[PDB]
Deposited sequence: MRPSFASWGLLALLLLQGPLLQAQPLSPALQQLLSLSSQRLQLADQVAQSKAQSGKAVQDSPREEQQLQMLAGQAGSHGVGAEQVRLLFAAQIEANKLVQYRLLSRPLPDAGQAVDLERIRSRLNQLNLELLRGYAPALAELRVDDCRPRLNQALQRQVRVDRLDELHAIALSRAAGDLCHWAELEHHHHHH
């Protein structure tokens, strides 16, 4: 079966985690930690507050974005842990906000596509398809599976 809304969610997720590479460059210079727990909590609270104007639950939104943020972090930690191949943060932030809003806009139809008896198959096929579309390397492919998290379970929350 087709799962277009899911495929969209994953394309957005792919774009978002691809920004990690540039964040990791920023942080090799600023000395800033990959993780900022208060800041991440604040972001989750702000995104959850938008759930009602996109037809989804607050908790569903916090779960989605916690997974997005973790996907981003695992790329950053890996890149900082090896030699860097060798950044405008305001442009990164504006791209993040745009992608976040598109994720919110697409989340309710993706959750509806997931409320099926073959969710894991559909998810796995959509992940592999996205990896192939975006020519993701192994690190970024791992990140994408991380960004999808437990979507199959989150679909059956509400």
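Going by the record, the unmodelled stretches of the deposited sequence, in order, are 1-24, 111-114, 187-192.
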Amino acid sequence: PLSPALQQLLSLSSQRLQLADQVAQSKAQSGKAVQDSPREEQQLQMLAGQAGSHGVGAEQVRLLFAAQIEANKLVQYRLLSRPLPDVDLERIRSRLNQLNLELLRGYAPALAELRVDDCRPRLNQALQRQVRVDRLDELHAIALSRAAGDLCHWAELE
From here on, numbers count along this sequence of modelled residues.
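Between 26-34 and 61-69, it is 26-34 that carries the larger average Cα temperature factor according to the deposited entry.
In the PDB entry, the Cα temperature factor peaks, among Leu127, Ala108, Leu101, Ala48, at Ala48. For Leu79, the recorded CA temperature factor ranks within the middle third of the chain's modelled residues.
Remark: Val131 belongs to the lowest third of its chain, ranked by C-alpha B-factor as recorded. Looking at the C-alpha B-factors along this chain, the one for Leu151 belongs to the lowest third. In this PDB entry, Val56 carries a Cα temperature factor that places it within the highest third of its chain's modelled residues. Sorting the modelled residues of the chain by their CA temperature factor places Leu44 in the highest third.
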